[PDB]
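If you read the sequences in order, they're chains A, B, C, D, E and F.
For the first sequence, my numbering gives the first residue as 1, with consecutive numbering after it.
For the second sequence, my numbering gives the first residue as 101, with consecutive numbering after it.
For the third sequence, my numbering gives the first residue as 201, with consecutive numbering after it.
For the fourth sequence, my numbering gives the first residue as 301, with consecutive numbering after it.
For the fifth sequence, my numbering gives the first residue as 401, with consecutive numbering after it.
For the sixth sequence, my numbering gives the first residue as 501, with consecutive numbering after it.
Note that CB positions come from ideal geometry on N, CA and C, so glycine has one too.
One structure is given here, and the rest of the page talks about it.
Protein chains: 6
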Amino acid sequence: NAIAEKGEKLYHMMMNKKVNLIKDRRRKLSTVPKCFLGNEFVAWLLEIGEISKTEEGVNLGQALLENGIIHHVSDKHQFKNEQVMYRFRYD
Amino acid sequence: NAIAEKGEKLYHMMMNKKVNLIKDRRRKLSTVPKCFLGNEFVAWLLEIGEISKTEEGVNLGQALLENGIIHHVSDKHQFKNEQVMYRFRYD
Amino acid sequence: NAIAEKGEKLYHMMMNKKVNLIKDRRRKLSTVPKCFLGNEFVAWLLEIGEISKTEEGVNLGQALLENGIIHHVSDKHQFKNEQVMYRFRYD
Amino acid sequence: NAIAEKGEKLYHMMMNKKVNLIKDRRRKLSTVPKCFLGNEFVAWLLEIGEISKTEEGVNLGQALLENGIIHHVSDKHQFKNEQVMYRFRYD
Amino acid sequence: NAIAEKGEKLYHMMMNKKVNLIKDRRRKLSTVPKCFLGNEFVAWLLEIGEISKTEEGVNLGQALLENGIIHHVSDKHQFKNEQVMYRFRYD
Amino acid sequence: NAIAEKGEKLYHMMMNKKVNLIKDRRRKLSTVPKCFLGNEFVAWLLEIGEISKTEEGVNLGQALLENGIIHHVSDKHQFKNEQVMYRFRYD
């Protein structure tokens, strides 16, 4: 297949000691400050019964979420030069 | 086509006044506190020349990102009962 | 730590009345037209028993999905100048 | 390393003719109806000059997006039994 | 509404035989090699009881994941000219 | 505001020494094997001129992508008990 042969070629060309486009790449995610898991939270509300049922816990967490009283913690590892939003701790 | 006919049927069944699985659905994202755009930031560093070039700005922002000195602002609108992480403002 | 000190500095520089890279930012998601939740749907098929079991409901919904008879509703809030796809209602 | 040895073992156990947890898996995405690319769109507005500059085109597309006049086309291939939203064509 | 009228206009302009920004668009995802589903895996460990409970299976899979002994299979269909990472099979 | 007061309360309850739902959380991403960046790749093809223009490089990479000759490297840090796909190195 035409498209296979191009790939196997390109492979070897990047693998060239000369060219070195292909390396191992470490990846770091900042350790996160004082934070919680949704499931643990909704679980906990039941153990304490300020929720009758689960969908009460989600609805509640959803409520909190959409008013910024909580904020989801993003799993993006990769700083982007785009119209993308970021924050310092210092607030 | 078999699979089309099932769909058109199912459609009408959810569209049943009785069943009402199909509605308009508002969506809310919390307004975000004091925050910045990657592009504006990397742009600004150049206007002020504490960056020689762009890839300096990204590399820098990346550095900040992966040590939690900045945190990306997530665009998820939807509170999840899963092993997913969340935070209050109060820190 | 070197990388901390740069951050705390940069912070104050963007916080400069002069510079104003750091603001509150409202976020809007279009209200969605007549649409449904996967869970509610698979749930409903059981209440009516045109599904023996759950994995029947998923498999079915999956079937529908991959033939465009249904389309997932995207949670992206942010119009992108990229090779990214978009649609008007008018179809 | 402890954790490596568990992996290599588990591997062979799923690879067991008996167990067969590990197969090739085809993946289908519905062909999309009449739709457009952001970049092509913003590009086109310039060719026709109803945009002075690019950030006008994005701002405009963003405007359209957040009022549902356009909707981003999702790349999810995988029907989910969750509080996740979906639509038929028939609208 | 001002913003509606712009949309309906723009629509018709792209719909122009002349302009043709708006087409059907096929989408392809590579068939995946020998691979497994999380749920099936954690399920299987129980059937065989090398897991006492579920959260043991997740914790284990998580362990494997974060040491590269397994790698999640990405659902991105769209090759990006960005600081984004890719691999050949030939390893 | 009603919904604020619930949040500030819930906060303190999870912050209870007793309850401890709220901790720092380390995050690990496996170091990736021999791999490449899209931008570097498309860049390189130009330096060597087996591409006339950029959109040739993307189109090519896209071609490779959708036939599994290359595979995008996922940034998910979080093993999921779902119908989600995974792979060992051992292939």
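Taking a Cβ-Cβ cut-off of 9 Å, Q262 of chain C has no neighbours in chain B, whose nearest Cβ is about 11 Å from it.
DSSP places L329 of chain D in no alpha helix (DSSP H); its state is neither H nor E. Of the residues F:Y511, F:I548, F:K506 and F:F541, the one whose Cα lies closest to the Cα of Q483 of chain E is F:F541. What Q483 of chain E touches in chain A, judged by beta-carbon distance under 8 Å, is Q78, going in chain order. Between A104 of chain B and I269 of chain C, the beta carbon gap of about 6 Å places them in contact (Cβ cut-off 8 Å). Interface criterion met: the Cβ of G107 of chain B is under 8 Å from a Cβ in chain C. Contact with chain A is absent for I151 of chain B, since none of that chain's Cβ atoms lies less than 8 Å from the residue's Cβ. Residue contact check for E366 of chain D against chain C: a CB pair falls below 8 Å.
In this structure, the CA atom of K223 of chain C is about 15 Å from the CA atom of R89 of chain A. Around the beta-carbon of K9 of chain A, fewer than 16 other beta-carbon atoms lie within 10 Å, marking it exposed. Annotated three-state conformation of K576 of chain F is coil, per DSSP. Judged by DSSP in its simplified three-state form, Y486 of chain E adopts strand. For the 8 Å CB-CB criterion, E166 of chain B and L60 of chain A do not form a contact. One alpha carbon belongs to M385 of chain D, the other to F379 of chain D, and they sit about 10 Å apart. Straight-line spacing of the CA atoms in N439 of chain E and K217 of chain C works out to 52 Å. A Cβ of chain E is located within less than 8 Å of the beta carbon of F288 of chain C. For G357 of chain D, the uninterrupted alpha helix (DSSP H) segment begins and ends at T354 to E366. Considering only beta carbons, the part of the segment 122–133 of chain B lying closer than 8 Å to chain C consists of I122, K123, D124, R125, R126, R127, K128, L129, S130, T131, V132 and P133, in chain order. About 11 Å separates the Cβ atoms of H477 of chain E and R426 of chain E, ruling out a contact at the 8 Å cut-off.
The beta carbon of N539 of chain F sits closer than 8 Å to some beta carbon of chain E. Counting other Cβ atoms within 10 Å of its Cβ, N581 of chain F reaches 16 or more and is therefore classed as buried.
Among the bridge pairs identified by DSSP, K323 of chain D is matched with E:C435. Apart from sequence neighbours up to five positions away, the residues of its chain that approach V419 of chain E with a beta-carbon distance below 8 Å are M413, ordered along the chain.
Taking C-alpha positions only, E247 of chain C is separated from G107 of chain B by approximately 18 Å. Taking a Cβ-Cβ threshold of 7 Å, none of the residues of chain B is close to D291 of chain C; the smallest such distance is about 16 Å. Looking at the backbone, the Cα of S574 of chain F and that of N501 of chain F are separated by about 41 Å. Listed along chain C, the residues sitting closer than 7 Å to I370 of chain D by beta-carbon distance are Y286, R287 and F288.
Our two residues, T31 of chain A and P333 of chain D, have alpha carbons roughly 43 Å apart in a direct line. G449 of chain E is classed as exposed because its beta carbon has fewer than 16 other beta carbons within 10 Å across all chains shown.
Non-local beta-carbon contacts of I151 of chain B in its own chain, meaning distances under 6 Å to residues more than five positions away in sequence, involve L145 and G157 in chain order.
Residue C:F236 holds the alpha-carbon nearest to the alpha-carbon of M115 of chain B among C:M215, C:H271, C:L221 and C:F236.
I270 of chain C has D:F388 as its beta-bridge partners, per DSSP.
Taking 8 Å as the threshold, the shortest C-beta distance from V58 of chain A to chain B falls below it. A check of alpha carbon separations from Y11 of chain A across F:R587, F:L564 and F:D591 identifies F:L564 as the nearest.
Around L521 of chain F, the same chain offers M514 as residues with beta carbons nearer than 7 Å, after the five sequence neighbours per side are excluded.
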